[PDB]
Number of protein chains: 2
Amino acid sequence: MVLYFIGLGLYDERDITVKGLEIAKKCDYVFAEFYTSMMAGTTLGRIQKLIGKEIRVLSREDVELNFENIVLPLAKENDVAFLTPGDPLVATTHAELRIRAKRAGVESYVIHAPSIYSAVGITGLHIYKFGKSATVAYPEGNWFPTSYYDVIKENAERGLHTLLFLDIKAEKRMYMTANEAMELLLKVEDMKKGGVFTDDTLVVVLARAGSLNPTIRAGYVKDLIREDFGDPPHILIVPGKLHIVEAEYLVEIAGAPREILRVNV
Amino acid sequence: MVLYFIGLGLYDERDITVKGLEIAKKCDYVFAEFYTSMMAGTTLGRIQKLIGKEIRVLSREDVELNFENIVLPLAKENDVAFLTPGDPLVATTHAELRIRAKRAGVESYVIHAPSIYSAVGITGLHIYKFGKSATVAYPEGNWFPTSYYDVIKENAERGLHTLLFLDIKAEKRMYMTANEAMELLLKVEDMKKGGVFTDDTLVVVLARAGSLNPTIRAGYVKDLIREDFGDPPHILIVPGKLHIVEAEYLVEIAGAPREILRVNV
Ligand SMILES: Nc1ncnc2c1ncn2[C@@H]1O[C@H](CSCC[C@H](N)C(=O)O)[C@@H](O)[C@H]1O
């Protein structure tokens, strides 16, 4: 009669909360999805060993089209767990799954976990200064989406930071790098000439948030464009005007050039 | 030797990540602060029990004025952990403490935990649609804070949702309720008259996020201002232009007036 949405956290199998682990361990069945994002620091095998339950992976279609036929049925007479990377419900489509639960006479509870949305605080940028968020999607064929460019412009205009999720291909397990995202943004700038993203733009890169050794780098595009930030996942951020405290953190902790103390404050 | 910033999560001792727990258990000294936020589901005793160590609680002054005198000295010869509610570097000024660690020659690492910043995903509102965040501070003396009102205005004009952290006076055990936050906003509205927050404004209240049965309510200010949302902590959210799937969730899960389903495109 109970369905539990449990977050797995940021990077590896230990990023689940103690609450999520204990509850998952006592569930009769455990489902999981890895299409909204992936856990680069671990494997399905390692997660299974930690939980002590077999985990049935579900595809985007399994969830969006058949959540009520694959998961909810067992949720009727058993305790079921649905694992997702990060914090449950951050992915836009997940929220409505709770309505499906209600429609089927099934109770649902949410067990939170660290999300990259809040983990970016490790960059030293004030969380309240983050505006609208966006995703840099890979251009494919004749399709060249650039809405994420406008989000940066509107946020920056108001002195707000812009969090950019990088496109993933759960398919080939392909991760878009910050380097690729920057190249894309330079192309869009050249296309829209809005003075929103150039070689002189200050940028922050956060790689492998959640691990004990994430890469936190800050600097101008011209210098970071071809820098190696390590293995995925990569997160890109375009800061708005900085508060002195933010700049000093980026310089002392993220290796930003002293120049940002007089150019971006 | 090293210093660890470890988040404890949203509500109880089990909201800490497994990573944070295994690391806390192995530290020689453990410090913590409980003034930036409040965990209404546990006690210092329960936290100490789970971690198996004595926790020295620090006040705002201990941290803000003597962090490098009380904590950092031990981090040079031992493995030290500093615990905080939610995520350690979210809606706090703890990031600056990492700079103090560097200058004292102490390597620091951050262990994230579920944060209210992302937990609001449980309200059904798309996380990417949240704009700048703000805090509703208790008016003191002849000083009446009102910046948070402008934040809502600015976000709303862009169709973005606004997350309003509510004030807290830990030493005086005062936790601002959504009702008090709504009252203050109506007053600011009377003064500025920007039509930003009125009796007809739709709002969302989230109480005790992280517990298994949080209170999630949506409705007009006139109907919610005197409603009982249970014990604190509380967060207040002023939605912007709603997507149809967001409205359905507010209605189905948060008991909002069915009329909001009729979105004005
Ligand atoms: N479980 C919870 N439910 C509702 N509001 C919460 C909450 N935890 C924190 N808050 C809100 O946030 C304020 C503290 S701000 C500090 C937040 C913390 N770093 C985090 O990551 O969550 C509180 O006064 C309250 O308004």
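Basis of the calculations
- Residues numbered from 1 in each chain as written, not as in the entry; some residues may be left out.
- Chains lettered and ligands numbered in written order.
- Heavy atoms only, no water.
- UniProt positions renumbered as here; feature names shortened; annotations may be inferred.
- Domains from an automatic or database assignment.
- Contact = heavy atoms within 4.5 Å.
- Buried area = accessible area lost by both parts, 1.4 Å probe.
- Salt bridge = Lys/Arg side-chain N within 4 Å of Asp/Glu carboxyl O.
- Polar contact = N/O pair within 3.5 Å; in protein donor to acceptor, adjacent residues only side chain to side chain.
- Nonpolar A, V, L, I, M, F, W, Y, C, P; charged D, E, K, R; others polar.
- 1 Å grid on protein atoms, 1.4 Å probe; cavity = no way out; pocket = protein on both sides within 12 Å on 5 of 7 lines; lining within 4 Å.
- Points joined across faces, edges and corners; volume = space filled by probe spheres on them.
- Near = heavy atom within 4 Å.
- Areas by Shrake-Rupley, 256 points an atom, 1.4 Å probe, with all protein chains shown as cover.
- Helix = DSSP H or I, 4+ residues; strand = E, 2+ residues; numbered from the N terminus.
- Buried < 20%, exposed > 50% of the residue type's maximum accessible area, 1.4 Å probe, protein only.

For this deposition, the record names X-ray crystallography as the technique by which the model was determined and cites 2.40 Å as its resolution.

Going by the PDB entry, chain A carries the name diphthine synthase and comes from Pyrococcus horikoshii. Listed under Catalytic activity in UniProt, the entry text for chain A is "2-[(3S)-amino-3-carboxypropyl]-L-histidyl-[translation elongation factor 2] + 3 S-adenosyl-L-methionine = diphthine-[translation elongation factor 2] + 3 S-adenosyl-L-homocysteine + 3 H(+)". Within the UniProt record for chain A, the comment given under Pathway is "Protein modification; peptidyl-diphthamide biosynthesis."

Trainee: For this particular structure, what's the right way to read the domain arrangement of chain A?
Mentor: Size of an interface, as often reported, equals the accessible area lost when the parts are brought together. All names here are of chain A. Annotation of chain A at the domain level lists domain 1 (1–114) and domain 2 (115–265). A C-alpha centroid distance of 29 Å is found between domain 1 and domain 2. Opposite the 14 residues of domain 1 that make contact, domain 2 presents 13 residues. Summing both partners gives a buried area of about 1000 Å² for domain 1 against domain 2, and 71% of it is carried by carbon and sulfur. Considering only the surface of domain 1 that becomes buried against domain 2, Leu10, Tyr11 and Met38 emerge as the three largest contributors, covering 60% of it. Across the domain 1-domain 2 interface, the total number found is zero salt bridges. If you look at where domain 1 meets domain 2, you find one residue pair in polar contact. A per-class count over the side of domain 1 that touches domain 2 returns 10 nonpolar, two polar and two charged.

Trainee: Just to check I follow, could you spell out empty space enclosed by the protein for this structure?
Mentor: Space left empty within the atom packing is revealed by a probe, the size of a water molecule, rolled over the atoms. Across all of its chains, the model carries two cavities of 30 Å³ or more by this definition. Looking at the largest cavity, its volume works out to about 50 Å³. In this structure, the second largest cavity occupies an estimated 40 Å³ of space. Lining the second largest cavity, in full, are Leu10(A), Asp15(A), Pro114(A), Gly210(A), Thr17(B), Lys19(B), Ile111(B) and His112(B).

Trainee: Is there a simple way to explain the site of the ligand in this structure?
Mentor: All names here are of chain B. Neighbouring the ligand are 16 residues, the closest being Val90, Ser115, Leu166, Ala209 and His234. Contacts to the ligand include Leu10, whose backbone N or O atom sits 3.2 Å from a nitrogen atom. The contact in question runs from an oxygen atom of the ligand to an N or O atom on the backbone of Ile116, over 3.1 Å. Burial of the ligand by the protein chains amounts to 96% of its free accessible area of 550 Å². Of all the secondary-structure elements, those providing two or more residues to the shell around the ligand are β7 (162–166) and β12 (234–238). For the shell around the ligand, a count of residues per class yields nine nonpolar, five polar and two charged. Counting contributing residues per domain, the shell around the ligand is built from domain 1 (1–114) and domain 2 (115–265), each supplying no fewer than three.

Trainee: Can you help me understand the environment of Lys132(A) in this one?
Mentor: All names here are of chain A. Relative to the assigned elements, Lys132 resides in the loop between α6 (116–119) and β6 (134–136). Residue classification places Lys132 among the partly exposed positions, given a relative accessible area of 26%. Separated by 30 residues in sequence, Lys132 and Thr162 have C-alpha atoms that sit 6.6 Å apart.

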